[PDB]
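Next come the chains, spelled out residue by residue.
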Amino acid sequence: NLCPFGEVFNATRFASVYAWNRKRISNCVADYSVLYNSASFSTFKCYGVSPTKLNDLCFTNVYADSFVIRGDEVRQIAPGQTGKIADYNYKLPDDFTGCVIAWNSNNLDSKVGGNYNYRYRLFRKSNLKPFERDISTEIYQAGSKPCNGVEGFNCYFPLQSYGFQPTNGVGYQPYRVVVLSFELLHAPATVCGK
Amino acid sequence: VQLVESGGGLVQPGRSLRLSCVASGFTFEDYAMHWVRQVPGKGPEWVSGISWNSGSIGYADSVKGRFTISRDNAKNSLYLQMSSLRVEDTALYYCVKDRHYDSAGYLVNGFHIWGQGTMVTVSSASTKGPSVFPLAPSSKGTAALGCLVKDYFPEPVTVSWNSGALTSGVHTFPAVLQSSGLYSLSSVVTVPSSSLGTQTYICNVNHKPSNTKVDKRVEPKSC
Amino acid sequence: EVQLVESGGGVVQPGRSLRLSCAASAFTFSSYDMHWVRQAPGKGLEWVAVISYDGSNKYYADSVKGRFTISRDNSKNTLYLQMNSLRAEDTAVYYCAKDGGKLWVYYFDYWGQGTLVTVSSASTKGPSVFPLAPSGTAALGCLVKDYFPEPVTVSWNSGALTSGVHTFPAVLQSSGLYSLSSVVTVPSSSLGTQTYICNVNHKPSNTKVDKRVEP
Amino acid sequence: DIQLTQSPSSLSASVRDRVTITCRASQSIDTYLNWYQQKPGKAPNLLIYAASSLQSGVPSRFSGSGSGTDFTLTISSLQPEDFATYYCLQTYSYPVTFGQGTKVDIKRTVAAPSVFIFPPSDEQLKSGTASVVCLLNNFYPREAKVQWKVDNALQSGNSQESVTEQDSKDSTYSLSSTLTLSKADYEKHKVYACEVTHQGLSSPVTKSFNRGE
Amino acid sequence: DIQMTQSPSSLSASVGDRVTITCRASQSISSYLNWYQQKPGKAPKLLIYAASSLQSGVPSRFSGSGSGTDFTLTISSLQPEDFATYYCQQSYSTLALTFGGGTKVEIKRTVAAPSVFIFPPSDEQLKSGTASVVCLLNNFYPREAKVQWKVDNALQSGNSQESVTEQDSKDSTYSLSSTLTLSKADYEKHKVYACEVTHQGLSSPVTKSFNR
């Protein structure tokens, strides 16, 4: 049967970038041509593989990561990028093989009173390793005094809200991102394009 | 995909009820949930809503401070705690699925799936059987006669004519809630005047809440 | 033996549109992806767009996205590039390139000869040729100034004087026109005895000017 | 807190007609407005979301337009099954507020009601209460006034009305008004009448009776 | 995008020399790096793909190496037809293909000093309203040469255009022409018109000038 790409792209809501969802796709036939021409995409960049060649290739597993960021941060979802999102929220490896797809979701993720449900990790001591997901809410220690789970001076909550409003500039508007990873182990492949 | 309400019924004013809603056929955690009520014979009134992760909750001004909405995502259930039920709260309460997840300002926020609703009846008094009085055809080509079903509780009643043999020209009106907390209702039928002395007309009243059945013969009033 | 022939290039005003073609031969055209690569005057190479073998998937560079359209007709073995809303930045020589197809990624193995697309509002103006009089050999030449568009052919003595001639590439001055210099070094003894005439021809404007050069 | 006012509150159109309903918000709500169709005894069904976006499975003859404060719902070609009340609903701010609704009815020609009056029975009079009933049979449009007169005195605050749903055949309405008095209050008066005013009546029709004749 | 930086931008070698061109990437691109050769006025031709795979029909004297961010193309024995511009192009970012700046391999000859000539604008041009001052650098090597316009000892910047010919088939030298363009109103405003030339074959800057 067909691979469930529609469950990821057409999901009625998306996760925050710090708690990005991952869908493991296996043992199915994938129709990439219909998927990539379904909706209109503002960002479509592939790395290490052509999007027309996927219909001919087979992989052990295909990963479909999805999350929401703002417009000025879509450029960070790429191999070799740095920034608050790429370092503390979602990191792709330098030899990432796959495609990153994004589209404007101002109609879906922005509120009149502001949508503060989408968060991103603002404070973290070290950078995330490739494909790392940190959902910790421990109080960040910015000084020499321990915080002991209490917010205060040099003691910050590590998550920060976006606050999406439909009248903001396109750089501040919410964008839903889908990152397709194509893993090729030395094991029998289960996902072939067709 | 369904929304099934329970918990409604008869309750005395000033008391409390807890309404429940069991959701199935969709990801209950994927959507905001709302309560909308409708008084019999009137329009709709939105009551309360909740985001999903309890991130946003709202109430109509007429119910704020008295109602509490909540949801149990693990049980796919929505709840409405209705402390201090006024009479103005009597209505059929619909459990409704919202289109997305906001309860404030989403252009998409809509009431896409609706439950059948549960009835909350807030009034004094217990069960009472109705009295059935004839609406006899008067003397002053087509004549009209009827029956009056008065002073019963709770709803509903049913009225037929000549055991169902008379259906053309029959109008049975929706019941009204009197100030005493009891309901009343009427039913009428138009017939040719030439049959008023040869055709017997009898109305069949049925009030199941009180086990009352009454067969009233409606004759022209003799001087 | 892989051939690619382009056509459809020329002059175009800003904001107008132009369509290019690329006829393929001597290979399975309906099975390989195709590319468009442009090259600005004196600049490097810039990938423009790519189209799949069946033409169902199309991808464009950000510099031309929402402005150009790539397409192909497998029955005619031709590749197309509809260029709309052309800016001055689009002035370049446009190549079509066949995909190698031996890797998981794109790469160009064969290129077309290329066609020029010049985006400018300047009308086809004829050249104005001015002489350059000399002041241990000497030098003299002609100045082909104010002409649109490229090119102009400059020769000396109707092609008889070959040795010592240096014709310089044209430059696009601020007035939207081109300016070109052509010089020739001759022995200072045959100056008043040997007569020098530069032959300037401008086919786009159909202008042939012969000018004498004397000190 | 944000008031929605629909116009008209009642509409009469025939099959194939173009129906347009207006909904005005007390303040700007951008495109955050939904349209709902509700047939009596049924849950409201969503028709339009985001002011102009059609709901899945809703016929394309329904369409919405507008932004800010003025909006319109349009039925391009009216159908027999499209009789219902149509509500507009703002989703710009909380609380979620509805319009009063526009009852769309399938147009018929103007029809006058038939008026009948019924005295209280001797059986009820021994019960201590007297109920006088007035009947309005088969009229159109629905707008009709029933005035109770007890010895020519207009009775307010002691009678209640009830209107049937519009008949599916001749497209008429029917109304019943019930005047309630105690037995002591009943035997105090003689003439009991009910006056009926309607568009299909060039003048009010009055049916009456005298107690004890 | 991924920037490809080639080094050197120009090199001069003779037939038979071993030439090595370097290509650096702004980020790791694994082994997806290709090399292209472009003759002036001709279409590019593929030499190496996938960093080290030789294309069919390309002479074995071409070879590529490297991985990650640093790559090298090597011509073991340079031939007369190998004098051209060589580009590297990364293919890791399949939908954002980018080329290097290019490395033009030229013919090394002995250093040649330029012959500098200056030509005033002709009488037939001044009546049109434009004045162009021309400076010529004739037969010099290498290409690196600076032409500085001095009008009344004032450096003229933003007012001249340069043009260099291809290497001559006889002596393999270059030629440069600088055209200083100013309106007639600017022309009679000054007196001294000079052209300063700096070149490897000049022990000191040479200046050729004239008086109006």
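The name the PDB entry gives chain E is EY6A light chain, with Homo sapiens as the organism. According to the record, the entry carries the title "SARS-CoV-2 Delta-RBD complexed with BA.2-10 and EY6A Fabs".

Under the PDB entry, the name given to chain B is BA.2-10 heavy chain, and the organism recorded is Homo sapiens.

A.B. asks: Kindly report on the overall build of chain E, identifying the contributing residues and their values.
C.D. replies: When you go through chain E residue by residue, the secondary structure sums to 2 helices and 19 strands. Its C-alpha radius of gyration of 22 Å places chain E more than 25% over the 17 Å reference for a compact globule of 212 residues. Projected onto its principal axes, the C-alpha positions of chain E cover 60 × 40 × 30 Å. Considering chain E as a whole, with its 212 residues, one finds that 50% of them fall into the buried category. Long-range contacts, defined here as pairs at least 24 residues apart, represent 59% of the contacts in chain E between residues at least 6 apart. Looking at chain E as shown, the accessible area adds up to about 9,200 Å², and 46% of this sits on carbon and sulfur atoms. Taking the average location of the 19 positive side-chain charges in chain E and that of its 17 negative ones, the two points are 1 Å from each other.

A.B. asks: Please provide a residue-by-residue account of the sheet that holds strand β12 (residues 191-193) of chain A, values included.
C.D. replies: All names here are of chain A. Within the open sheet, the 3 strands sit side by side as β2-β12-β4. Their pairing is mixed. Among the strands making up the open sheet, the edge pair consists of β2 (28-30) and β4 (58-59). Examined bridge by bridge, β2 and β12 share 3 bridges and lie parallel to one another. Among the inter-strand pairings, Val 29 is bridged to a residue of β12, identified as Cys 192.

A.B. asks: Tell me about the nonpolar core, residues and numbers included.
C.D. replies: Counting 131 residues, the largest nonpolar core has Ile 77 of chain A, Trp 36, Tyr 94 and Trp 111 of chain C together with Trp 35 of chain E as the members making the most contacts within it. Setting aside chain neighbours within four positions, we find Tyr 94 of chain C in contact with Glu 6, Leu 20, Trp 36, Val 37, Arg 38, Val 48, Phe 68, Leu 81, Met 83, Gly 114, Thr 115 and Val 117 of chain C. The next biggest cluster of nonpolar side chains, apart from the first, holds 42 residues, and it includes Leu 17, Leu 85 and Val 122 of chain B together with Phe 98 of chain D.

A.B. asks: Which residues make up the arrangement of the chains, and what are the values?
C.D. replies: Separating chain C from chain D is a minimum C-alpha gap of 26 Å, and the two share no contact. A gap remains between chain B and chain E, which never touch, and the nearest two C-alpha atoms on either side lie 34 Å apart.

A.B. asks: Run through the pairing of strand β13 (residues 138-147) of chain C, naming residues and quoting values.
C.D. replies: Within a regular beta strand, the side chains point alternately toward one face of the sheet and then the other, so they alternate between its two faces. Residues and elements named next belong to chain C. Counting buried residues in β13 gives 10 out of 10 residues, a clear majority hidden from the surface. When strand β12 (residues 128-132) meets β13, the two strands line up antiparallel, connected through 5 bridges. Of the residues in β13, the one forming a bridge with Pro 131 is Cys 142. Examined bridge by bridge, β13 and strand β17 (residues 178-186) share 9 bridges and lie antiparallel to one another. By the bridge assignment, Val 144 is partnered in β17 with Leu 180.

A.B. asks: An account of the packing of aromatic side chains is requested, with residue identities and associated values reported.
C.D. replies: Under the counting rule described, the total for this entry stands at 55 aromatic pairs over all chains. When the ring of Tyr 32 of chain A is compared with that of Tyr 36 of chain A, the centres are 6.0 Å apart and the planes differ by 35 degrees; the resulting orientation is tilted. Of this pair, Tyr 32 of chain A and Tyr 36 of chain A are both found in helix α2 (residues 32-36), 4 residues apart, which corresponds to roughly one turn of the helix. Here the two residues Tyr 32 of chain A and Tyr 36 of chain A agree in accessibility, since each one is buried. Geometrically, the ring pair formed by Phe 153 of chain B and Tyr 183 of chain B is stacked, given 6.0 Å between the ring centres and 15 degrees between the ring planes. Of this pair, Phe 153 of chain B sits in the loop between β13 (142-152) and β14 (158-161) while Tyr 183 of chain B sits in strand β17 (residues 183-192), placing them 30 residues apart in sequence.

Parameters at a glance
- Residues numbered from 1 in each chain as written, not as in the entry; some residues may be left out.
- Chains lettered and ligands numbered in written order.
- Heavy atoms only, no water.
- Residues with missing side-chain atoms left out of burial classes, pairs and counts.
- Helix = DSSP H or I, 4+ residues; strand = E, 2+ residues; numbered from the N terminus.
- Rg over C-alpha atoms; globule rule 2.2 N^0.38 Å.
- Buried < 20%, exposed > 50% of the residue type's maximum accessible area, 1.4 Å probe, protein only.
- Contact = heavy atoms within 4.5 Å.
- Areas by Shrake-Rupley, 256 points an atom, 1.4 Å probe, with all protein chains shown as cover.
- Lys, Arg positive; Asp, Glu negative; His and termini not counted.
- Charge placed at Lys NZ, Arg CZ, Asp CG, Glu CD.
- Pairing = 2+ DSSP bridges.
- Core = buried A, V, L, I, M, F, W, Y, C linked by side-chain atoms within 4.5 Å.
- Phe/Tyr/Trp six-rings, centres within 6.5 Å; stacked < 30°, edge-to-face > 60°.

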